[PDB]
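S.K.: For reference, the file data_3.csv (CSV, N, CA and C atoms) is included below:
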```
chain,number,residue,atom,x,y,z
D,13,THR,N,0.8,-1.2,0.0
D,13,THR,CA,0.0,0.0,0.0
D,13,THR,C,0.9,1.3,0.0
D,14,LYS,N,1.0,1.9,1.2
D,14,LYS,CA,1.8,3.1,1.3
D,14,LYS,C,3.2,2.8,0.7
D,15,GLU,N,3.5,1.6,0.4
D,15,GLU,CA,4.8,1.3,-0.2
D,15,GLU,C,5.0,1.9,-1.6
D,16,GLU,N,3.9,2.0,-2.3
D,16,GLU,CA,4.0,2.6,-3.6
D,16,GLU,C,4.3,4.1,-3.6
D,17,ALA,N,3.7,4.7,-2.6
D,17,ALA,CA,3.9,6.1,-2.4
D,17,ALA,C,5.4,6.4,-2.1
D,18,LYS,N,6.0,5.5,-1.3
D,18,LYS,CA,7.4,5.7,-0.9
D,18,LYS,C,8.3,5.6,-2.1
D,19,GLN,N,8.0,4.6,-3.0
D,19,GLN,CA,8.8,4.4,-4.2
D,19,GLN,C,8.7,5.7,-5.1
D,20,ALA,N,7.6,6.3,-5.1
D,20,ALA,CA,7.4,7.5,-5.9
D,20,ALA,C,8.4,8.6,-5.5
D,21,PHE,N,8.5,8.7,-4.2
D,21,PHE,CA,9.4,9.7,-3.6
D,21,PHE,C,10.8,9.5,-4.0
D,22,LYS,N,11.3,8.3,-3.9
D,22,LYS,CA,12.6,7.9,-4.4
D,22,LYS,C,12.8,8.2,-5.8
D,23,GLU,N,11.9,7.8,-6.6
D,23,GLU,CA,11.9,8.0,-8.1
D,23,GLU,C,11.9,9.4,-8.4
D,24,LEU,N,11.1,10.2,-7.7
D,24,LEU,CA,11.0,11.6,-7.9
D,24,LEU,C,12.4,12.3,-7.7
D,25,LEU,N,13.1,11.9,-6.7
D,25,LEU,CA,14.4,12.5,-6.4
D,25,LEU,C,15.4,12.2,-7.5
D,26,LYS,N,15.3,11.0,-8.0
D,26,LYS,CA,16.2,10.5,-9.0
D,26,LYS,C,15.9,11.3,-10.3
D,27,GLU,N,14.6,11.5,-10.6
D,27,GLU,CA,14.2,12.2,-11.8
D,27,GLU,C,14.7,13.6,-11.8
D,28,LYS,N,14.7,14.2,-10.6
D,28,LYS,CA,15.1,15.6,-10.5
D,28,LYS,C,16.5,15.7,-10.0
D,29,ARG,N,17.3,16.7,-10.4
D,29,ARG,CA,18.6,16.9,-10.0
D,29,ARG,C,18.7,17.4,-8.6
D,30,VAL,N,19.8,16.9,-7.9
D,30,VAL,CA,20.0,17.3,-6.5
D,30,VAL,C,21.4,17.7,-6.2
D,31,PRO,N,21.9,18.8,-6.8
D,31,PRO,CA,23.3,19.2,-6.6
D,31,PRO,C,23.8,19.1,-5.2
D,32,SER,N,25.0,18.7,-5.0
D,32,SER,CA,25.6,18.6,-3.6
D,32,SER,C,25.6,19.9,-2.9
D,33,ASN,N,25.8,21.0,-3.7
D,33,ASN,CA,25.9,22.3,-3.2
D,33,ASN,C,24.6,22.7,-2.5
D,34,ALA,N,23.5,22.3,-3.2
D,34,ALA,CA,22.2,22.7,-2.6
D,34,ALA,C,22.0,22.1,-1.2
D,35,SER,N,20.8,21.8,-0.8
D,35,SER,CA,20.5,21.2,0.5
D,35,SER,C,19.2,20.4,0.5
D,36,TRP,N,19.1,19.6,1.5
D,36,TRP,CA,17.8,18.8,1.6
D,36,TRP,C,16.6,19.7,1.7
D,37,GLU,N,16.7,20.8,2.4
D,37,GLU,CA,15.6,21.7,2.6
D,37,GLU,C,15.2,22.3,1.2
D,38,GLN,N,16.2,22.7,0.4
D,38,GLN,CA,15.9,23.2,-0.9
D,38,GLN,C,15.4,22.1,-1.8
D,39,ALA,N,15.9,20.9,-1.7
D,39,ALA,CA,15.4,19.8,-2.5
D,39,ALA,C,14.0,19.5,-2.2
D,40,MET,N,13.6,19.6,-1.0
D,40,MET,CA,12.2,19.3,-0.6
D,40,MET,C,11.3,20.4,-1.1
D,41,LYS,N,11.7,21.6,-1.2
D,41,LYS,CA,10.9,22.7,-1.7
D,41,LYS,C,10.7,22.5,-3.2
D,42,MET,N,11.7,21.9,-3.9
D,42,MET,CA,11.7,21.8,-5.3
D,42,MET,C,10.5,20.8,-5.7
D,43,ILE,N,10.4,19.7,-5.0
D,43,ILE,CA,9.3,18.8,-5.2
D,43,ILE,C,7.9,19.3,-4.8
D,44,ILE,N,7.9,20.2,-3.8
D,44,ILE,CA,6.7,20.8,-3.3
D,44,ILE,C,6.1,21.7,-4.3
D,45,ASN,N,6.9,22.5,-5.0
D,45,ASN,CA,6.4,23.4,-6.0
D,45,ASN,C,5.8,22.6,-7.1
D,46,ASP,N,6.3,21.5,-7.5
D,46,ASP,CA,5.8,20.7,-8.6
D,46,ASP,C,4.3,20.4,-8.3
D,47,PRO,N,3.5,20.7,-9.3
D,47,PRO,CA,2.0,20.5,-9.2
D,47,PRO,C,1.6,19.1,-8.6
D,48,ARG,N,2.5,18.1,-8.9
D,48,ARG,CA,2.3,16.8,-8.4
D,48,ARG,C,2.2,16.8,-6.9
D,49,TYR,N,2.8,17.7,-6.2
D,49,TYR,CA,2.8,17.8,-4.8
D,49,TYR,C,1.4,18.0,-4.3
D,50,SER,N,0.7,18.9,-4.9
D,50,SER,CA,-0.7,19.2,-4.5
D,50,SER,C,-1.6,17.9,-4.6
D,51,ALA,N,-1.3,17.2,-5.7
D,51,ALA,CA,-2.1,15.9,-5.9
D,51,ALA,C,-1.7,14.9,-4.9
D,52,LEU,N,-0.5,14.9,-4.5
D,52,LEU,CA,0.0,13.9,-3.4
D,52,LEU,C,-0.7,14.2,-2.1
D,53,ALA,N,-0.9,15.5,-1.8
D,53,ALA,CA,-1.5,15.9,-0.5
D,53,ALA,C,-3.0,15.4,-0.5
D,54,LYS,N,-3.6,15.7,-1.7
D,54,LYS,CA,-5.0,15.3,-1.8
D,54,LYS,C,-5.2,13.8,-1.7
D,55,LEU,N,-4.4,13.0,-2.3
D,55,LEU,CA,-4.4,11.6,-2.3
D,55,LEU,C,-5.9,11.1,-2.4
D,56,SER,N,-6.7,12.0,-3.0
D,56,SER,CA,-8.2,11.7,-3.1
D,56,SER,C,-8.9,12.7,-4.0
```
Starting from the file, give its structure as structure tokens.
M.R.:
Amino acid sequence: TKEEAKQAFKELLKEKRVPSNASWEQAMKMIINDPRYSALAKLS
């Protein structure tokens, strides 16, 4: 179940670039901006 959602997160990070210079906080914001983020929250 929730296992599929976890996989999406890992795949999302791989799909998007995450420069070492950046930071986890910045990387998190990057995925949040993505419209997909809104859909993830709705999950319904």
S.K.: List every residue of chain D that DSSP, applied to the backbone of this structure, places in alpha helix (DSSP H), and write the result as a PyMOL selection string.
M.R.: chain D and resi 14-27+36-45+47-54
S.K.: Could you check how far atom C of residue D:52 sits from atom CA of residue D:31, in Å to one decimal?
M.R.: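 Interatomic distance, atom C of residue D:52 to atom CA of residue D:31: 24.9 Å.
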S.K.: Find the residues near stretch 38-51 of chain D: any atom within 10 Å, counting only C-alpha atoms, skip ones fewer than 6 places away on the same chain, and give them as an NGL selection string.
M.R.: :D and (21 or 24-25 or 28-31)
S.K.: Mind working out the centre and edge lengths of an axis-aligned box for stretch 21-39 of chain D, all listed atoms inside, 8 Å added to each side, rounded to one decimal in Å and written as lines of an AutoDock Vina configuration file?
M.R.:
```
center_x = 17.2
center_y = 15.5
center_z = -4.6
size_x = 33.4
size_y = 31.4
size_z = 30.4
```
S.K.: Would you work out the distance separating atom CA of residue D:55 from atom CA of residue D:35, expressed in Å to one decimal?
M.R.: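 Computing it gives 26.8 Å between the two atoms.
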S.K.: How many Å lie between atom C of residue D:34 and atom N of residue D:17, rounded to one decimal?
M.R.: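 Atom-to-atom, atom C of residue D:34 and atom N of residue D:17 are spaced 25.3 Å apart.
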